[PDB]
Amino acid sequence: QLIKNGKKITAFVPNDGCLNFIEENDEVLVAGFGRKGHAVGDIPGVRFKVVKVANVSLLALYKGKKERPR
Amino acid sequence: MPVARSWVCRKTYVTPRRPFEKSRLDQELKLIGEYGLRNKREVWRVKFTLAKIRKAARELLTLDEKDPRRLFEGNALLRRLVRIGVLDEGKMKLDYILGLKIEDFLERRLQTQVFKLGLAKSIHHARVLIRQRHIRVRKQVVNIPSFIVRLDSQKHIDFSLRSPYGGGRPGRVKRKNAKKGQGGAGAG
Amino acid sequence: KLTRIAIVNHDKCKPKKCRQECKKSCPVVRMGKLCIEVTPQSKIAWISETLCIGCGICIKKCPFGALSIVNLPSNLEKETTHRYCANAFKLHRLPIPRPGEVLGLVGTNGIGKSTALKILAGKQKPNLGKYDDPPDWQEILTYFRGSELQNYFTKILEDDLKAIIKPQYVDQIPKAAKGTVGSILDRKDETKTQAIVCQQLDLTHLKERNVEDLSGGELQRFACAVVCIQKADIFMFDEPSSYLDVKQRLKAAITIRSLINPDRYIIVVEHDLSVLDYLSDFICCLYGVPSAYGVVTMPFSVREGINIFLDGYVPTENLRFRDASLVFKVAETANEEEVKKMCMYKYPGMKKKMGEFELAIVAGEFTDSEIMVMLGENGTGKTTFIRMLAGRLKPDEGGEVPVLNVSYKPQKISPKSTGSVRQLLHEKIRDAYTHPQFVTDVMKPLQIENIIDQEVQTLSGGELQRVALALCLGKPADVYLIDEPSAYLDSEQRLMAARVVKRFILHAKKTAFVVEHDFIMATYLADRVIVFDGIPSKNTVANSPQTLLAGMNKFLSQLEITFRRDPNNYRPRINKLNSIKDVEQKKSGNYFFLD
Amino acid sequence: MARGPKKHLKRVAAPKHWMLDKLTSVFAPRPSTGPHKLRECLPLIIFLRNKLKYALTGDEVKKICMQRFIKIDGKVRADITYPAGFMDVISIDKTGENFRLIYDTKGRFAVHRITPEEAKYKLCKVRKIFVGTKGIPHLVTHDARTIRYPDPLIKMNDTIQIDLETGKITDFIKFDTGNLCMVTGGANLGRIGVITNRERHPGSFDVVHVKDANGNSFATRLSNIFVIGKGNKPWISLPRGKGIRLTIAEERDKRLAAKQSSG
Amino acid sequence: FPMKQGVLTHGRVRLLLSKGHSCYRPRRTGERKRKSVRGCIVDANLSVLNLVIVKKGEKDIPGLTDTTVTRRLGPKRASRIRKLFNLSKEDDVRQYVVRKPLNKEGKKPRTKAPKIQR
RNA sequence: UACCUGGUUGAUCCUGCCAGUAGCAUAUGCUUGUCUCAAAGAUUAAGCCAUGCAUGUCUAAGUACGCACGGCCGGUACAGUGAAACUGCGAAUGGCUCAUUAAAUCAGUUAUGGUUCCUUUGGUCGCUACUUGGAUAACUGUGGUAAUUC
RNA sequence: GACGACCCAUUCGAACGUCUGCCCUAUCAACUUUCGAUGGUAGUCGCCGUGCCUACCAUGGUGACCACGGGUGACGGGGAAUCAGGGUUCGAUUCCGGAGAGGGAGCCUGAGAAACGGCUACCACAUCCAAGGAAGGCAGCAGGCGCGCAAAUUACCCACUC
RNA sequence: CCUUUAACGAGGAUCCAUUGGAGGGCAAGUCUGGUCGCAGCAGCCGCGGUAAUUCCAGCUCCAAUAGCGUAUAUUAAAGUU
Ligand SMILES: [Mg+2]
Ligand SMILES: [Mg+2]
Ligand SMILES: [Mg+2]
Ligand SMILES: [Mg+2]
Ligand SMILES: [Mg+2]
Ligand SMILES: [Mg+2]
Ligand SMILES: [Mg+2]
Ligand SMILES: [Mg+2]
Ligand SMILES: [Mg+2]
Ligand SMILES: [Mg+2]
Ligand SMILES: [Mg+2]
Ligand SMILES: [Mg+2]
Ligand SMILES: [Mg+2]
Ligand SMILES: [Mg+2]
Ligand SMILES: [Mg+2]
Ligand SMILES: [Mg+2]
Ligand SMILES: [Mg+2]
Ligand SMILES: [Mg+2]
Ligand SMILES: [Mg+2]
Ligand SMILES: [Mg+2]
Ligand SMILES: [Mg+2]
Ligand SMILES: [Mg+2]
Ligand SMILES: [Mg+2]
Ligand SMILES: [Mg+2]
Ligand SMILES: [Mg+2]
Ligand SMILES: [Mg+2]
Ligand SMILES: [Mg+2]
Ligand SMILES: [Mg+2]
Ligand SMILES: [Mg+2]
Ligand SMILES: [Mg+2]
Ligand SMILES: [Mg+2]
Ligand SMILES: [Mg+2]
Ligand SMILES: [Mg+2]
Ligand SMILES: [Mg+2]
Ligand SMILES: [Mg+2]
Ligand SMILES: [Mg+2]
Ligand SMILES: [Mg+2]
Ligand SMILES: [Mg+2]
Ligand SMILES: [Mg+2]
Ligand SMILES: [Mg+2]
Ligand SMILES: [Mg+2]
Ligand SMILES: [Mg+2]
Ligand SMILES: [Mg+2]
Ligand SMILES: [Mg+2]
Ligand SMILES: [Mg+2]
Ligand SMILES: [Mg+2]
Ligand SMILES: [Mg+2]
Ligand SMILES: [Mg+2]
Ligand SMILES: [Mg+2]
Ligand SMILES: [Mg+2]
Ligand SMILES: [Mg+2]
Ligand SMILES: [Mg+2]
Ligand SMILES: [Mg+2]
Ligand SMILES: [Mg+2]
Ligand SMILES: [Mg+2]
Ligand SMILES: [Mg+2]
Ligand SMILES: [Mg+2]
Ligand SMILES: [Mg+2]
Ligand SMILES: [Mg+2]
Ligand SMILES: [Mg+2]
Ligand SMILES: [Mg+2]
């Protein structure tokens, strides 16, 4: 659920086993998918993807360069 | 706030449109090997400075002869080219400019002349020497490998007057070891 | 990083007209956990102090302006100047010292005041909070480039303005120093300013009253006289109203204010009642958690700062949650039984000396069942009285030998417990209870936790005094002998200690005598009181235990102070010794309102 | 806001013929109110440090001018941003040199030293003619001067040679076909030639022709002609190259032949 | 709050004062303010009154009238001097001017006087 | 450098679009040795604001009895340095932002023969008198209010 | 020589006016008017021209060549990005013009202001209090809260341009 | 700060170059180990159901390089205004 609008949207998590970093009720920064309005690939009706969970990247949370702040 | 500055600046290259094209990659790699440059960008600079000359040449050649503008600017452009050794005074006319190849701007680089005028063992050794402040143009050290040598500056390139290679104190290696004979081989 | 919370205080929150879009979409309510507590009802929509994430979605969609964000305090690890040692209390940024005016500081006991003062005086270099490899005046003077500290620290490194400071404790320095009467003062710095501070502080008697003669109040007066005459450029004053006369607080205030003018930096820190408004010009409030971490705020004006410290507890920027409105115990509730078994342990009007003090007595109808409070100026012998009752001079020419067992609280804080206090908690034992008298007293500022296991030598005097109180009411006694119990304590823990000892001993219909120099604890402990009249160095008479009003009337009219009770927070304040109010109150004698 | 007159002038917006740089700082001297227009003037500060190099910074100009050394038309001016302009005759006594402000043929002022037996008279161009109270005829020149009782044949667009200690006009050239002229506006700035024509479109900007000493002709507006000679004989001395405005194909040849790359 | 002439009440009121008025000093050429002043009537709701003596009786007030008037300061406009010493049109206006005597614990004593103006 | 390439079919030829491709400018991720330039709270909220600072000014030439300092003894217009205070001038330029505003603003073009203009520059200055009047500030002294550049 | 001063000119302007030039919208086709809308006569007022405003009189003016109404994440331009040739999109932003100091309104002083680093009042906020009263305007420079995907130090100095 | 200069300062196991790919479009492996229509990849076509040139990793190779990837607005490609 977004901060500014308050409206609800579904988002993808972009690599093998990342869904364990995402605790419940923390923030996230969602981005676009890649075709400017449209669901990409085989997923039905998902148009956004995560980049940061709690001010730390997914690419760094997953490559080991950083660990969760808690 | 108002401020006392120049914001004027500009780009000096243009990437190619086809990013992975073999006829391109192999030619540019050849040109990097034969003159010992660093990136592809060191080639795209030369491509730009030639493709921009070839626009002024063309737009002049599409004026009518006897024009004031065409006369003045053509006599100015040929002079500027001849003065760096890219054109022959036996040509001196616009319809020859369109016949120049990229490998004539590359040829006039200081790195190229320092090798081809004999002061270094290879086109790679030359780039090292220039960057180490071993060479001098006319009563002036230079440190930029890409410096373009004007036609009558040609025979001034020689080794620096404060440098080991010709009238200078030996460097910090030839001196640390000669000291190993009096501080490491006499009482050490 | 900062812990954002939503709050609801509003002009008529309307759970009867809005249909409660307030609760219909907090993200936490959707996932089971209840953040908000409201349905169609009559009054305020409650909210959890902790279950909102700080989402702010709670705010964007109330139709009326009900909900808003506040920033609860947290340990940020941003702008850490120092750590008391590795792993210890964390200190954030310092106040920028404005010259030409007195810079004051306020906060609870043990939040970073004396460390900030010791840093600003160059006596502690900053370590940037590192446990290891503390820097050395090149990385310092780069950590605060582009800031006033860049130039300020160089001006103190080349000593172009070399600092001077006053100590925290009164009991230390007359042992640590040596000097005979008067000659130390004469040889220290000057004669001229020496002469003006000596007269306006009323210590002209200490040409011949020696450094061994003088009391802890008279020692603070010496400490302040000596640092005022000491020739330096920047000044500091740690606790400069610890054990002073209610008029001499303002006299200390005036004699420090008299050096404002000549481009001198000055910082003062106090646990003030009504004294600093005349002392300081700008205020900087402190917030944090005690001996764990402490944050300093930007400057404020005197009234504005004193107000954002207790007229609520919110900065213009952020929040903290401490120091609310209770500086007078408006909870007017007191009830215990009448009992006709009453013992009237009276005493003769014995006359006694030592070398110089004629301090007369008149008889008093002292009784077992309630506390009697004591008034009087500093240096009039409110101490020697119950010191003599405790098995010293003149029990022979009369003097009622203690009928019940004696618990003695001495005012010179010096318990001889090397090691830790835990073994001094063996000449008593705790196990006799585990009860509100012990818990609600010893705990409040954190827990009982810091004052069980610690060397008493590195101690905040506050909790050592809380332990001296605990070993006083932890000894076999019934007559409890007290002397300035409120000293070295903040406001709210002063009142906690006062209230809880009143209530605890009044469970038993039990004896104590209390020595106060303050107001709040004195006013909520009393139904009778003794007064000391006359000026020191020659004579004094302990008048008989009278009522409260007429007694402290004899007190204040002798001191010529009147007070004012602001109703919004029942706050006390001094009327400025000449007023359109200082004429009615001094004609009718009323200096105590709203009984 | 603008609610009153401005008093600063930005460096970029300044006139071009001042030939100011770009990277010193944001402002330019902003000539003070005077007899010469703001675009046509040349402040005294720009003449002493950008041209004659006598001073180096603004304060040196201020302390050169305060010592009462500089004279603009005989009088002693102490204001460093005073608006000198075309036909003004700066005199520096302490050195013994004099100058005349005349446009160089690229359309800008240049230093032009004159003999001290010449810097006693300056030319003016008549702008208005009117009969004052009691029937006295007056005159207004291009630099705001007012001459009372002038000869009753001097009319508009004419030129008059005055003296700097009296005013009191001495000679006058009459605007007609055949006299010399210097042009003081627009594209043709600082060119010289015989007037040779004047067309007249009533109510709008009458046009004038000219003709150089090499056949070149160039029209202009009449309000930009400034007669400087009876015919083929300029009264006042002239800068080198005499307003001939050679083309760039000729300027290159002279630069090459003279090889003026040193001294 | 002071009192000013001509506001006939015992109350207090707010007036728009300007230059030339009383109870006001303007901070900027061409300014006006709105401030509170008490009416001219006298009542027990004051705190002070300024009274000036106009006719003195026979018994001297102990600490108000027995003292002596100071030297004040002398005149500086030429005709003011002439009017004070009843001088003729051609008496020297010089010589007569009040030569202010000056003593301090520092230097030699001195006499000053004003520069005479007209 | 005036350019295309993958994808509907068992295969083919088309229409046709989705995807790739190169630049640009805002955000963000990973990474970072040297050296010359240098943008930077516009986008949302023209939302709210603790503290400090951003506008003052004296010459030979308006008014000097502050003894404040002062010298060769004198003010006999009156020396000389000069705080303060009256007087004059400036504060309407500069800086910041882009809410408003669609024949409005703005641009080029023209007109004031339909007006005003501190200042600068040049004109103009002849239909009790050897010099008039009273009254204020700084300064001295007494004050009021919790509080103010009262 | 300094200063002041009447009027004339000049200078720096300012003000009003002429011709041509604008993004999207017809699910905006008729609009405008004694609450002046177009014009005439005489005045009021104003620095001057003028329905600018008053009194009497006439019934006019604008529109398919898009009037009038609506929208603009619209301040205009010099310009910026890309660009065979034609074009498309951007221009809050250092130069020029305009407009505004929380929103609306009224005025003093002055050559010049409908001025907010000036004053007066209402609206919304907010500070001090002895509950009588007083005081305020960072879309100047730093700094702080808030807002958000989104933006630097509460440093130094008049030496340079002015 | 840059520039000008004395004195120290290089053997490569550091005085250590990264970011994204390797079926096609589109430069580069029909290597080896693991997983088994799961986990995942993939802008598009498409990969994975026990023998994966496409997933996870080692090795090797490719492109630009003190820089490279992603989201978004926009221009050329678009003779698809
Ligand atoms: Mg009062
Ligand atoms: Mg402006
Ligand atoms: Mg305005
Ligand atoms: Mg000027
Ligand atoms: Mg003297
Ligand atoms: Mg005079
Ligand atoms: Mg089909
Ligand atoms: Mg198929
Ligand atoms: Mg595409
Ligand atoms: Mg790229
Ligand atoms: Mg720089
Ligand atoms: Mg930019
Ligand atoms: Mg904004
Ligand atoms: Mg402020
Ligand atoms: Mg003087
Ligand atoms: Mg004088
Ligand atoms: Mg003044
Ligand atoms: Mg003015
Ligand atoms: Mg800004
Ligand atoms: Mg507007
Ligand atoms: Mg419209
Ligand atoms: Mg509109
Ligand atoms: Mg128009
Ligand atoms: Mg225009
Ligand atoms: Mg126009
Ligand atoms: Mg002036
Ligand atoms: Mg004049
Ligand atoms: Mg009419
Ligand atoms: Mg009319
Ligand atoms: Mg009609
Ligand atoms: Mg019609
Ligand atoms: Mg319209
Ligand atoms: Mg626009
Ligand atoms: Mg807008
Ligand atoms: Mg183009
Ligand atoms: Mg713009
Ligand atoms: Mg905007
Ligand atoms: Mg900006
Ligand atoms: Mg602008
Ligand atoms: Mg204009
Ligand atoms: Mg605002
Ligand atoms: Mg004025
Ligand atoms: Mg206004
Ligand atoms: Mg302003
Ligand atoms: Mg104001
Ligand atoms: Mg106000
Ligand atoms: Mg402001
Ligand atoms: Mg700001
Ligand atoms: Mg944030
Ligand atoms: Mg940014
Ligand atoms: Mg931010
Ligand atoms: Mg300066
Ligand atoms: Mg790799
Ligand atoms: Mg991959
Ligand atoms: Mg692989
Ligand atoms: Mg591929
Ligand atoms: Mg391939
Ligand atoms: Mg298997
Ligand atoms: Mg396998
Ligand atoms: Mg395999
Ligand atoms: Mg396009």
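Out of the residues in region B:1-15 that are more than 14 Å from chain D (Cβ to nearest Cβ) and either within 18 Å of B:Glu42 (Cα to Cα) or among the β-branched types (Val, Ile, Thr) (or both), which is surrounded by the fewest Cβ atoms within 10 Å (Cβ to Cβ)? Restricting to residues being more than 14 Å from chain D (Cβ to nearest Cβ) and either within 18 Å of B:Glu42 (Cα to Cα) or among the β-branched types (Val, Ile, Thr) (or both), the top hit is B:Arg10. For region D:7-43, a residue qualifies if it is hydrophobic (A, V, I, L, M, F, W, C), surrounded by 11 or more Cβ atoms within 10 Å (Cβ to Cβ) and within 12 Å of RNA strand F (Cβ to nearest atom), and the qualifying residues are D:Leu9, D:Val26, D:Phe27, D:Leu38, D:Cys41. Just checking, does region D:1-10 include any residue being more than 16 Å from ligand 5 (Cβ to nearest atom), under 27 Å from D:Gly243 (Cα atoms) and either in contact with a strand residue (DSSP E or B) (Cβ under 8 Å, 6 or more places away or on another chain) or within 14 Å of chain B (Cβ to nearest Cβ) (or both)? No; the residues of region D:1-10 include none that is more than 16 Å from ligand 5 (Cβ to nearest atom), under 27 Å from D:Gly243 (Cα atoms) and either in contact with a strand residue (DSSP E or B) (Cβ under 8 Å, 6 or more places away or on another chain) or within 14 Å of chain B (Cβ to nearest Cβ) (or both). Applying a threshold of 8 Å to beta carbon distances and a minimum spacing of six or more residues, or different chains, the list of pairs starting in region D:123-137 at a residue that is assigned by CATH to the domain that holds D:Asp73 and ending at one that is within 11 Å of RNA strand F (Cβ to nearest atom) and small (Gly, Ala, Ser) is empty. Residues in region C:370-397 that are free of Cβ contacts under 8 Å to residues at least 40 places away in the same chain and either in a strand (DSSP E or B) or touching a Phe, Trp or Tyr at 6+ places or on another chain (Cβ under 8 Å) (or both): C:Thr384 alone.
From the list D:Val131, D:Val89, the lone residue that is away from RNA strand H (no atom under 16 Å from the Cβ), within 22 Å of D:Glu40 (Cβ to Cβ) and more than 14 Å from chain B (Cβ to nearest Cβ) is D:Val89.
With respect to being within 14 Å of chain B (Cβ to nearest Cβ), within 14 Å of RNA strand F (Cβ to nearest atom) and over 26 Å from D:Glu251 (Cβ atoms), D:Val76 falls outside the description. You will find that of A:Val56, A:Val28, A:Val13, the residue that is more than 14 Å from chain C (Cβ to nearest Cβ), on the phi < 0 side of the Ramachandran plot and free of Cβ contacts under 8 Å to residues at least 60 places away in the same chain is A:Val13 and no other.
Could you list, in sequence order, all residues of region B:116-142 that are touching a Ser or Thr at 6+ places or on another chain (Cβ under 8 Å) and closer than 14 Å to B:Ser160 by Cβ?
Passing the criteria: B:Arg133, B:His134, B:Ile135, B:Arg136, B:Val137, B:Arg138, B:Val141.
Against the test of being surrounded by fewer than 16 Cβ atoms within 10 Å (Cβ to Cβ), of a type in the set (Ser, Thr, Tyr) and either within 11 Å of RNA strand F (Cβ to nearest atom) or farther than 30 Å from D:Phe205 by Cα (or both), the options D:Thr81, D:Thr115 yield a single qualifying residue, D:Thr115.
Pairing each residue of region B:21-36 that is free of Cβ contacts under 8 Å to residues at least 40 places away in the same chain with any residue that is among the basic types (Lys, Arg) and more than 16 Å from ligand 5 (Cβ to nearest atom), provided the two are 6+ apart or on different chains, yields C-beta distances under 7 Å for B:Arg24/B:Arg18; B:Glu28/B:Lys40.
Can you find even one residue in region C:505-514 that is crowded, with 17+ Cβ neighbours inside 10 Å, in a helix (DSSP H, G or I) and among the polar types (S, T, N, Q)? No, region C:505-514 has no match at all.
Considering B:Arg108, B:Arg54, B:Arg18, B:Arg79, which residue is more than 14 Å from chain D (Cβ to nearest Cβ), without any contact (Cβ under 8 Å) to a residue 24 or more places away in the chain, out of contact with any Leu (no Cβ under 6 Å at 6 or more places or on another chain) and more than 30 Å from D:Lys10 (Cβ to Cβ)?
Only one candidate qualifies: B:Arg18.
Taking the criterion of being within 13 Å of chain A (Cβ to nearest Cβ), in contact (Cβ under 8 Å) with a residue 12 or more places away in the chain and surrounded by fewer than 17 Cβ atoms within 10 Å (Cβ to Cβ), would at least one residue in region C:5-12 satisfy it? No; the residues of region C:5-12 include none that is within 13 Å of chain A (Cβ to nearest Cβ), in contact (Cβ under 8 Å) with a residue 12 or more places away in the chain and surrounded by fewer than 17 Cβ atoms within 10 Å (Cβ to Cβ). Only a single criterion out of (1) farther than 30 Å from E:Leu64 by Cβ; (2) surrounded by 11 or more Cβ atoms within 10 Å (Cβ to Cβ); (3) in contact (Cβ under 8 Å) with a residue 24 or more places away in the chain; (4) of a type outside the set (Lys, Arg) is not satisfied by E:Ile41, namely (1). D:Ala249: within 14 Å of another protein chain (Cβ to nearest Cβ), without any contact (Cβ under 8 Å) to a residue 40 or more places away in the chain, surrounded by 11 or more Cβ atoms within 10 Å (Cβ to Cβ) and of a type in the set (A, V, I, L, M, F, W, C), yes or no? Yes; evaluated as a whole, the condition is true for this residue.
One line per residue, one yes/no per condition, for (1) part of a loop (DSSP other than H, G, I, E, B); (2) surrounded by 11 or more Cβ atoms within 10 Å (Cβ to Cβ):
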residue: C:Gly399; (1), (2): yes, yes
residue: C:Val403; (1), (2): yes, yes
residue: C:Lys412; (1), (2): yes, no
residue: C:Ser417; (1), (2): yes, yes
residue: C:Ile429; (1), (2): yes, no
residue: C:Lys444; (1), (2): yes, yes
residue: C:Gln454; (1), (2): yes, yes
residue: C:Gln457; (1), (2): no, yes
residue: C:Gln465; (1), (2): no, yes
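For region E:99-118, state whether one or more residues are within 30 Å of E:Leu8 (Cβ to Cβ), more than 16 Å from ligand 4 (Cβ to nearest atom), away from chain C (no Cβ under 14 Å) and exposed (fewer than 10 other Cβ atoms within 10 Å of the Cβ). Taking every residue of region E:99-118 in turn, none turns out to be within 30 Å of E:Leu8 (Cβ to Cβ), more than 16 Å from ligand 4 (Cβ to nearest atom), away from chain C (no Cβ under 14 Å) and exposed (fewer than 10 other Cβ atoms within 10 Å of the Cβ).
Test D:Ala28 against the stated conditions and say whether it is within 22 Å of D:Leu189 (Cβ to Cβ), within 14 Å of another protein chain (Cβ to nearest Cβ) and more than 8 Å from RNA strand G (Cβ to nearest atom). No.
Counting only strands (runs of 3 or more DSSP E) that sit completely within region D:83-171, those holding 2 or more residues that are closer than 29 Å to D:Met19 by Cα and within 14 Å of the chain's Cα centre (by Cα) correspond to D:102-104, D:108-110, D:121-128. The set of residues in region C:131-171 being of a type in the set (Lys, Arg) and exposed (fewer than 14 other Cβ atoms within 10 Å of the Cβ) consists of C:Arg145 alone. Only residues that are of a type in the set (D, E, K, R) and within 11 Å of chain A (Cβ to nearest Cβ): list them for region C:21-76, please. Residues satisfying the conditions are C:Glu21, C:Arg30, C:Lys33, C:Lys60, C:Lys61. Between D:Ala14, D:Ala55, D:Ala78, which is in a loop (DSSP other than H, G, I, E, B), over 27 Å from D:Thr141 (Cα atoms) and free of Cβ contacts under 8 Å to residues at least 60 places away in the same chain? The conditions single out D:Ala55.
Checking each residue of region C:86-100 against the condition of being buried (at least 21 other Cβ atoms within 10 Å of the Cβ), within 14 Å of chain A (Cβ to nearest Cβ) and not polar (S, T, N, Q) gives no match.
Positions of Cβ are generated from backbone atoms using ideal geometry, with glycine treated the same way; all protein chains shown enter the neighbour counts. Numbers and lists here come from the model and the stated rules, or from a named source; no laboratory instrument gave them.
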